[PDB]
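# Remarks on the overall topology
Below, each chain spelled out in residue letters.
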Amino acid sequence: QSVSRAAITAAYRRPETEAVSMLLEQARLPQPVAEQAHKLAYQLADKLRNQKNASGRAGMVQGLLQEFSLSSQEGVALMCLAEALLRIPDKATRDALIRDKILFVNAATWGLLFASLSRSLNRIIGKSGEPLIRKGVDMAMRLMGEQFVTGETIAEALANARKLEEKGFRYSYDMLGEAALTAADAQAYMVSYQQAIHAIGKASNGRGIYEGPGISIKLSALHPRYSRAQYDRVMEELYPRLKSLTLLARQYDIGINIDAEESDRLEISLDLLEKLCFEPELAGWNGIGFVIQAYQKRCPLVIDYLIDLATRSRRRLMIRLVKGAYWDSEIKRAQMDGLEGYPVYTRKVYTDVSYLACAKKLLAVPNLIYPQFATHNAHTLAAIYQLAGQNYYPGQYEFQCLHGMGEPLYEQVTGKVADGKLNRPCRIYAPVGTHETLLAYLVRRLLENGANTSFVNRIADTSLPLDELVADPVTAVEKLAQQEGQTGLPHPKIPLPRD
Ligand SMILES: Cc1cc2nc3c(=O)[nH]c(=O)nc-3n(C[C@H](O)[C@H](O)[C@H](O)COP(=O)(O)OP(=O)(O)OC[C@H]3O[C@@H](n4cnc5c(N)ncnc54)[C@H](O)[C@@H]3O)c2cc1C
C-alpha cells in the first residue's frame, strides 16, 4: 500500500477517544470566526423557525395562558368561541350577545397553536394478514416519499429545473436504484444511468461542470451483489461500466459524482476512483466527483489520499463532504460482527467536529479540490461560510442539499445580496424514479428526519432555544470532556461490540 492508503487502513476503527482528541484542534474555529459563525447560524435558524411568525404567534398564545390562568384545553375552547363570535357580521349584535347572553369545528387547528386505533389495527390485521400490511407499507412509502422525489423520469425532472436554476441553484440528478441483486438488475441500472446522462447533458447544453447540472451514481447499482463482491470481479465488470459512464459525462461536460454507501465498500471505491483518474481520455477534465462521509473515522485520512491523487493525476476533484446517511445500519453491522470498534462515531457531536475539521482540510487546497458542502444544518453552513474566508469566488466551493429538505435554509443563501441572501450557490440532489425504486432512499430520509439528534428535527422543537440549536460542536465536546473525565468517550448507550 502507498503511504496515504496505509494510513486509511490503520484508522478504520480507531478508538473514539483517540480519534476525537486528534480532530478537536483541527475543528476549532478561531474566536472571531466562531463569533461570526454563531451570529449567522442564529440568524439563519431564527428565520427558519419563525417563517410565518411561528415563535411570535406562540408567544402571544402563552401570554394569554397566564393572564387568565387557563389550561391549554381551556385556551383552545376560548379561541373557538372567539372565532365564532368574530363570524357574527355586525359588531352591535356581537357585543350585545357577549354582554347579555354570556362550535369547536376548528379546535384541531387552534390546538396546533397550543387509543382505540389499536383495536381497529388488531381487528384489521387478523382478518387480512400479511398482504394487507404489505400494501400499507407500499402506500405509506409512496405517500411519505413524494416530497423527496423530483420526478418519475429524467425528462420530467429536467423540465422543472429552470425555476430554481434561474435563481442560482444547480442540480445533481440521481436515478433511484441501488444494491442490484442480479446481472439483469445491474444492466437495467446501467441503461438508466446512460439515458440520464444523455438527457442531462443535452439540457446542460455546454454550461459546464460548475454552473450546469450533473449526475450522481451508486456503484452498488452497477454490479450484482456489490456488498460482498471481490476485487477481481469488480475491476473486470464494474470498472468498465464506471469508465463508460464517466467518458460520456465528459463528452457532455457534466459532473459525474460517485455516491458513498456502506463503510465496508470505501476501500474498493478508492481503487475504482484511482484507476478512473488515470484514464487518458479524462486527462485535463475536472468533472469527476466523489463523496466522503465525515461520520467515518477514516475521513481525514481519505482526504490526504484524495489530495495526493489529485496531484498525481493532475486534476481538480469535485469532493462532496457529507456527514453520512447509513449511521443506524453501520452501528448494527459493527455490533453483529463483534470487531474491536466502530467505523463511525457514536455521538452526533463528534461527527459535527469531524465535518468541520475535514472542511478546513478541503478548503486549504483549492487547486486540487472543489469542495461541495452538503448540509441542512444552519451552524454547519455558517461555519463553512466563515471558514472559506474573505474573497469568495463561485468556483471556490458550493453548498448542496437534498430535494424536499433544503429549500427553507437555502432560500436565505442562494441569490442576490440585494435580496438579503448570502450569494452562495447550492446544488440540489434530485432523485428520479417510480415507486419501485424509492424504498431504500425513503427509509434513510425517515431516519434522518426522525432522529432527535438531527438539526432538522431539533429546529422544529420550539422548546429548544436557538442558542442550544446552533451550539458550537468543539465547545460541546470540551463540555462533555470536563463532565465525563476525558475527551471523546463513546455514547453511553452504545458500548463496544465485544461487550
Ligand atoms: C446533497 C447531499 C448529498 C448527500 N450524499 C450522501 C452520500 O452519497 N452518502 C452518504 O452516506 N450521505 C450522503 N448525504 C448525507 C445524508 O444523506 C444526510 O443528509 C446528512 O448526513 C445530514 O447532515 P446534516 O448536516 O444536514 O444534519 P445534522 O443533523 O447536523 O447531522 C445529522 C447526521 O449526523 C450523523 N449522526 C446521527 N447520529 C449520530 C451519532 N449518534 N453519532 C455519530 N453521528 C451521528 C448522521 O450522519 C446524520 O445524518 C448527502 C447529503 C446531502 C445534503
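Summarised in this report is the structure supplied together with it. (Residues numbered from 1 in each chain as written, not as in the entry; some residues may be left out. Heavy atoms only, no water. Residues with missing side-chain atoms left out of burial classes, pairs and counts.)

## Looking at the sheet that holds strand 3 (residues 256-258)
Strand order in this closed barrel of eight strands is 1-2-3-4-5-6-7-8, and the pairing throughout is parallel. For this sheet, the mean inter-axis angle between neighbouring strands, taken without regard to orientation, is 30 degrees. For strand 4 (residues 288-293) and strand 5 (residues 317-322), the ladder comprises five bridges, and the chain directions are parallel. Of the residues in strand 5, the one forming a bridge with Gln293 is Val322. Across the sheet, helix 13 (residues 231-252) is in contact with strand 2 (214-217), strand 3 and strand 4; its angle to strand 3 comes to roughly 150 degrees. (Pairing = 2+ DSSP bridges. Helix = DSSP H or I, 4+ residues; strand = E, 2+ residues; numbered from the N terminus. Axes fitted to C-alpha atoms, helices over the stretch in contact; angles between N-to-C directions. Contact = heavy atoms within 4.5 Å.)

## As for the packing of aromatic side chains
Each aromatic ring pair is described using two quantities: the centre-to-centre distance and the angle formed by the ring planes. On the basis of an interplanar angle of 55 degrees and a centroid distance of 6.4 Å, the ring pair of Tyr355 and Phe373 is categorised as tilted. Of this pair, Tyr355 sits in helix 17 (residues 348-363) while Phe373 sits in strand 6 (residues 369-374); the two residues are 18 residues apart in sequence, bridging distant segments of the chain. Measuring from centroid to centroid gives 5.9 Å for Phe373 and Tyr397, while their planes differ by 65 degrees, and the two rings are edge-to-face. Placement of the pair is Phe373 in strand 6 and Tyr397 in the loop between helix 18 (378-387) and strand 7 (398-402), with a sequence separation of 24 residues. (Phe/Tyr/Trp six-rings, centres within 6.5 Å; stacked < 30°, edge-to-face > 60°.)

## Focus on the pairing of strand 2
Looking along a regular strand, one sees side chains alternate from face to face of the sheet. The pairing of strand 1 (residues 170-175) with strand 2 spans three bridges and is parallel. Residue pairing for strand 2: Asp174 is matched across the bridge by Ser216. In the sheet, strand 2 pairs with strand 3 via three bridges, with the strands oriented parallel. The residue bridging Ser216 from the neighbouring strand is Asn257, located in strand 3. The parallel pair strand 2 and strand 3 is bridged by helix 13, and the resulting crossover is right-handed. (Right-handed = clockwise from strand over helix to strand, strands pointing away.)

## Things to note about helix 4 (residues 54-67)
Here helix 4 is 14 residues long and its end C-alpha atoms lie 21 Å apart, about the 20 Å a rise of 1.5 Å per residue gives. Two to three positions downstream of the cap, the backbone nitrogen of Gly56 sits 3.2 Å from a side-chain oxygen, assigning the N-cap of helix 4 to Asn53. (Expected span 1.5 Å × (residues − 1). Polar contact = N/O pair within 3.5 Å; in protein donor to acceptor, adjacent residues only side chain to side chain.)

## Section: the pattern of salt bridges
Between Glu165 and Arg207 there is a salt bridge, with its nearest N and O atoms 3.0 Å apart. Taken together, the residues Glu165 in helix 10 (residues 162-165) and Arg207 in the loop between helix 11 (183-204) and helix 12 (208-211) connect sequence positions 42 residues apart. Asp352 is paired through a salt bridge with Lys323; the nearest N and O atoms lie 2.9 Å apart. Here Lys323 lies in the loop between strand 5 and helix 16 (327-337) and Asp352 lies in helix 17, a separation of 29 residues in the sequence. (Salt bridge = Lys/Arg side-chain N within 4 Å of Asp/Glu carboxyl O.)

## Looking at the packing of helix 17 against helix 18
Between helix 17 and helix 18, the least distance of the axes is 11 Å, while the angle of their chain directions is 30 degrees. By the criterion of interaxial angle, the relationship of helix 17 to helix 18 is roughly parallel. Judged by the twist between their axes, the crossing of helix 17 over helix 18 is right-handed. Of the residues in helix 18, those in contact with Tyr355, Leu356, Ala359, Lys360 and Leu363 of helix 17 are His379, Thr380, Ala383, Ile384 and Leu387. Here the contact of helix 17 with helix 18 is built from residues that sort into seven nonpolar, two polar and one charged. (Parallel < 35°, antiparallel > 145°, perpendicular 65-115°, else oblique. Left-handed = near helix turned anticlockwise from the far one by under 90°. Nonpolar A, V, L, I, M, F, W, Y, C, P; charged D, E, K, R; others polar.)

## Here we look at helix 11
The end-to-end C-alpha separation of helix 11 is 31 Å, in line with the 32 Å expected for 22 residues at 1.5 Å each. Where helix 11 ends, the next residue or the one after it, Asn205, has phi of about 60 degrees, a positive value.

## Describing the environment of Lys243
Counting through the fold element by element, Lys243 comes out in helix 13. Along the primary structure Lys243 and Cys277 are separated by 34 residues, whereas in three dimensions their C-alpha atoms are 9.7 Å apart. Setting aside chain neighbours within four positions, we find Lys243 in contact with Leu276 and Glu279.

## Let's talk about unusual backbone geometry
One non-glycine residue, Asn53, adopts positive backbone phi at about 65 degrees. Examined against the element boundaries, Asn53 turns out to sit in the loop between helix 3 (31-49) and helix 4. Even without being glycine, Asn391 reaches a positive phi, approximately 75 degrees. Residue position: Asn391 is located in the loop between helix 18 and strand 7.

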